[PDB]
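Q: Quick one: the structure is below, and I'll ask about it shortly.
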Amino acid sequence: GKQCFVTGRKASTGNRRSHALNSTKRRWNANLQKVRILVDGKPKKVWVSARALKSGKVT
Amino acid sequence: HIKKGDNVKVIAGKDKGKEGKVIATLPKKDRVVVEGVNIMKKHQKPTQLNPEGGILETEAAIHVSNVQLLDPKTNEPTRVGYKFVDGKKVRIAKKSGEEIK
Amino acid sequence: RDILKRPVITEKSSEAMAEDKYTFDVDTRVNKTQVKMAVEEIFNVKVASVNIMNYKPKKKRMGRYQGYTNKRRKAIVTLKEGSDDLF
Amino acid sequence: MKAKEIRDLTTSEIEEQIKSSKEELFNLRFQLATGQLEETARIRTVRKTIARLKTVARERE
RNA sequence: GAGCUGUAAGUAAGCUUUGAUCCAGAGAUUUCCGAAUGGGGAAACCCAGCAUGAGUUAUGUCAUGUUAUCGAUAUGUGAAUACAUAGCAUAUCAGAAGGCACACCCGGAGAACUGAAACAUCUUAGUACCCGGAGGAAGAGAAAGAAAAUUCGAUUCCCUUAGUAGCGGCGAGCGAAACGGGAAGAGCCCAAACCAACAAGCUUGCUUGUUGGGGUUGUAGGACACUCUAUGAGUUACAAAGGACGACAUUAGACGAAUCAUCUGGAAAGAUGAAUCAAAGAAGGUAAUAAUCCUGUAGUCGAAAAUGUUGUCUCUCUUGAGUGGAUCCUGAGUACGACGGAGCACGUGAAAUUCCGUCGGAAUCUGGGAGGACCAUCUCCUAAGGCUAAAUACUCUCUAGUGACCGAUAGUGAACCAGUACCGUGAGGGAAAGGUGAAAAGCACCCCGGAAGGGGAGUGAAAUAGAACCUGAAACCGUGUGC
RNA sequence: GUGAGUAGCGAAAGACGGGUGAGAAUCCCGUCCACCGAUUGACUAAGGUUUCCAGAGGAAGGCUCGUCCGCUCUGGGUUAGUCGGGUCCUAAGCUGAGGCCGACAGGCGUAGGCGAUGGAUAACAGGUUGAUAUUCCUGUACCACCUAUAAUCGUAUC
Ligand SMILES: [Mg+2]
């Protein structure tokens, strides 16, 4: 599906409690930002999460 | 054990105490055919080309553990053992020792 | 090459046209063109027309179990020179 | 028998392969249709002497 | 080692003592459909391209040979845009796909009726279904550990601890671990500090970019400083990877001891009599119930060959410690904290240790973590890289063998040619069937009949066992007769 | 088994003479009679898969009977350069190299393909068998391709 192209972080699951503890399920999602990362060939349009962008943000 | 051409001696049957010769051995059912021993009276199909209204009399097969191969040097049907220093098993009567054929 | 298994000599539609026509039972998978180059490289004659037809398997029943027979392709040659391609 | 009276010559394999396949078993299955129960045990033997002639040509590869 | 041609009965024509049939290993052939793979398709069929080859005076028609898609090494070659890069044209390539044992295992996702005598947190349950990955096993694994002794020294599985400590609308219910006894028991490779080269710096750097040497731990161990040894030590199951010579096991096979005569019988293995062998009296068959008739068993014995398991013989490869103390190193968006969830027996509870999403975010040996909030001294241990056999869970199968397990409405749905007749558009549902006799010797011939079916004569111990074929119960339909 | 030798026998015009046979209201042949006739008649699609046809059968099936048969045994039957399809074309739809999305499975879609119920597409009379006919053979045709060819035209042509 969708992953961080640098690290590899992705979604999760887990329940969703309430004030009376009824529990549906839900899904967590990595904060993925499209950015132009220089790799071999062309610097493509990739999917990178926003925690791997604090130092390694190439143009 | 028992093959065609050699004498026998029926030990257990309605026609016991009779010698003879082997005619043809069924190998799978372990049945041998001896002349003059357990003869039939077959109601033949008289519409066949050969005969004119009759009854055939051909011998019926007996099991191989009813005959017993004899060498009457001591007037006795014996059992068989095997000796070979010749590249081929020569059949031996254990109760007398002689080489039979 | 041998793509002519047997002839067939049945009552009228095989042996009551014997002035120029003959009837073989060819193997399947073959044309009517190959039979022109198969009854010529055996008997040394010169055909004029080859016709074919196909029969389905038909049902026989013996004992307590049914089965089908074998399907068969049938050819009918017609000569121009020479005669008596069966004896 | 037939099994090693063959290994006679390389060229005379196929010139006898075409001699028995084409010109013997084809005559012995036309004559079965027009009427012959004279030798219906030649059809097994001239077919099992084709298998011996198409086994030796694998040894010469 | 003499009969054979699957069911095989039945005839035909044959083959075999110049060793056939039958059995085991190894090679040969293995049409078309199938992941289907030249393109197409409603599986088992239809249409082609370029090379060599037959054929025809020549087209038409045939045979062999190849040609799917991604990936990644390559060679070209113009790229919108000069250089040049996504495209494109080819040579190669045991690379990949699908099938599964519906068993066991590890991950991703993941319910309900039900129990609580209703029901929602909870239990049923991280179970059933489904999807991905493999293996002969998989997973965990070489202490930032248990614990409170003058501590011992990876993990895994059984016994006990124990239905105890706990968690719980404190309801229903869920439920450990270390100690102690055992089965089994081996530990090792990188990163960094660094020394030497080769493409970019006078570059200031042996650090950076690549590749070889170095170097692995807590009693603090390595760079660097010093001497004292440099042949013994090997593994290719962890730690680097390439052959022979015969030992033993498996898939054919051979030898293998000893009973004769009478009575009843259709038949002796039976009872009555005498004999014998026994590392052999397990079992099956033979006209009835056999240690001695047959096939065999205890015991010896056997491999042209193709795998398989190990011994030692090669052959590859390799440095082993101690003391010093100045300097450099010892895994970073990492550990951890707040908000939201999951999981540990433990339901946010005072909640430790463990992982996930989001933002914040470190110290560097006088360091860092844990010991059930937290802080202070004593105590053990060294997180953020990786690879590891055995004890353990299974059985669709192949070989020997057992059973106070079944004996045709039983045991498999199935002892009969069974997932088959038959029902359904489809997924899917699914029964019924066994027995002549010791041997087919399975009723020649006469007679009533169109034939069936009978009655005599015959085979057989018995047809009152005739293929409606062993024994033949009751219900129910008959014909006869004493009251 | 009782219900019981009861309810049924599935619209509808038959009568007789002759044969056949162990057996006939039922089978075959003859004459008279009645019924449909915008159909109970004559050809082709869909679907079924040997039923079609000749010679022999009478245990089962046929709502009775049966010498009969769409039922049993043996032996036969379907012929194409021109008819309906394929080697030609595209609708709705389906599938899809790269590509774009999604816990996995997978969903969508561009170039290209597949897909007739439509467009294109060269043959008609007569004879014949116990069962086949624009198919087989009689007489005359036509479209595509190939080979010899002569009058040949030539920057002509494809
Ligand atoms: Mg699971």
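Q: Using only C-alpha positions, report the orientation-averaged shadow area of the convex hull of chain D, nm², one decimal. Present the calculation step by step, with values, prior to reporting the outcome.
A: Values: hull surface 17.4 nm².
Projected over every direction and averaged, the Cα hull of chain D covers 4.4 nm².
Q: With 32 Å as the limit, write out which pairs from B:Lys14/B:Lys95; C:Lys46/D:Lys2; C:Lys74/D:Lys4; B:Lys45/C:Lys71; B:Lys45/C:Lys59; C:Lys60/D:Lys22 have Cα-Cα distances beyond it, or answer none. Write out the running numbers ahead of the final one.
A: Details: B:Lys14/B:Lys95 26 Å; C:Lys46/D:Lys2 40 Å; C:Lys74/D:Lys4 41 Å; B:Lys45/C:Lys71 40 Å; B:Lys45/C:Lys59 35 Å; C:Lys60/D:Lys22 34 Å.
Over 32 Å Cα-Cα: C:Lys46/D:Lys2; C:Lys74/D:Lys4; B:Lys45/C:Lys71; B:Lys45/C:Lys59; C:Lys60/D:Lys22.
Q: What's the magnitude of the charge dipole for chain A around its Cα centre, counting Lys and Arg as +1 and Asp and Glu as -1 at the beta-carbon? Answer in Debye, nearest 20. Could the numbers behind the result be given before it?
A: Details: 16 positive and 1 negative charges, 33 e Å.
I would put it at about 160 debye.
Q: So how do C:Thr23, D:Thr11, C:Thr78 line up by other beta-carbon neighbours within 10 Å, fewest first? Write down the numbers at each step before the final one.
A: Working: C:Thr23 19, D:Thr11 7, C:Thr78 14.
Fewest-to-most Cβ neighbours within 10 Å comes out as D:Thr11, C:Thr78, C:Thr23.
Q: Turning to a different aspect of this structure: Return one quarter of the surface area of the convex hull spanned by the alpha-carbon atoms of chain A, equal to its mean projected area, in nm². Display every interim value, and only then the final one.
A: Numbers: hull surface 20.9 nm².
The directionally averaged projection comes out at 5.2 nm².
Q: Taking amide H atoms as placed 1.01 Å from N in the peptide plane, list the residues 5 or more away in sequence, or in a different chain, whose amide H sits under 5 Å from that of C:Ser49.
A: It is C:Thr78, by chain and number.
Q: Which loop-located trypsin sites (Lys or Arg not before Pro) does chain A contain, where loop means any DSSP state but H, G, I, E or B and the Cβ has at most 13 other Cβ atoms within 10 Å? Numbers along the way, then the final one.
A: Working: sites: A:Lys2, A:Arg9, A:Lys10, A:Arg16, A:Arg17, A:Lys25, A:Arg26, A:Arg27, A:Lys34, A:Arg36, A:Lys44, A:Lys45, A:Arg51, A:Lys54, A:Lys57; in loops: A:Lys2, A:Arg9, A:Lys10, A:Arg17, A:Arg51, A:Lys54, A:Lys57.
Here the sparse-neighbourhood loop sites are A:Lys2, A:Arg17, A:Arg51, A:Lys54, A:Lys57.
Q: Rounded to a whole number, what is D in µm²/s for the protein assembly as shown from Stokes-Einstein with the Kirkwood radius over alpha-carbon pairs (20 °C, 1.002 mPa s)? Could you put the intermediate results ahead of the total?
A: Numbers: Rh = 31.0 Å.
Value of D from the Cα-based Kirkwood radius: 69 µm²/s.
Q: Okay, moving on. Run through region C:16-60 and list the trypsin sites (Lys or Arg not before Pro) located in a DSSP loop whose Cβ has at most 12 other Cβ atoms within 10 Å. Before the final figure, lay out the partial values.
A: Details: sites: C:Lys21, C:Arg29, C:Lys32, C:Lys36, C:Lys46, C:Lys58, C:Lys59, C:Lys60; in loops: C:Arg29, C:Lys32, C:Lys58.
Taking region C:16-60 and a limit of 12 other Cβ atoms within 10 Å, the loop trypsin sites (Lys or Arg not before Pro) found are C:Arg29, C:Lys58.
Q: Same structure again: Once both axes come from the Cα atoms, what is the angle between helix D:11-20 and the longest principal axis of chain D, in degrees from 0 to 90, rounded to 10?
A: 10 degrees
Q: Then there is this: Filter the trypsin sites (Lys or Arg not before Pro) in region D:4-37 to those in DSSP coil with at most 14 other Cβ atoms within 10 Å of their Cβ, and list the result.
A: Working: sites: D:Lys4, D:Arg7, D:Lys19, D:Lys22, D:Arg29; in loops: D:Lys4, D:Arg7, D:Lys22.
Filter output for region D:4-37: D:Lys4, D:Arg7, D:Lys22.
Q: Cβ under 14 Å from A:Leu38's Cβ, A:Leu38 left aside: what net charge do those residues give with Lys, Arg +1 and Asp, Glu -1? Before the final figure, lay out the partial values.
A: Working: positive: A:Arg36, A:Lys42, A:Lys44, A:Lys45, A:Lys57; negative: A:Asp40.
Around A:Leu38, the surrounding residues sum to +4.
Q: Still on this model: So what are the three principal axis dimensions of chain C from its Cα atoms, in whole Å, longest to shortest?
A: 52, 27, 19
Q: Here's something else I'd like to know. Using the Karplus curve 6.51 cos²θ - 1.76 cosθ + 1.60 with θ = phi - 60°, work out ³J(HN,Hα) for each residue of region B:10-16 in order, rounded to whole Hz, and write x for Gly and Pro.
A: In residue order, the calculated couplings are 5, 10, 9, x, 5, 9, 6 Hz.
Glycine gets a Cβ as well: all are built from the backbone with ideal geometry, and neighbour counts include every protein chain shown. Each reported figure results from applying straightforward, stated rules to the coordinates on display, with no laboratory input.
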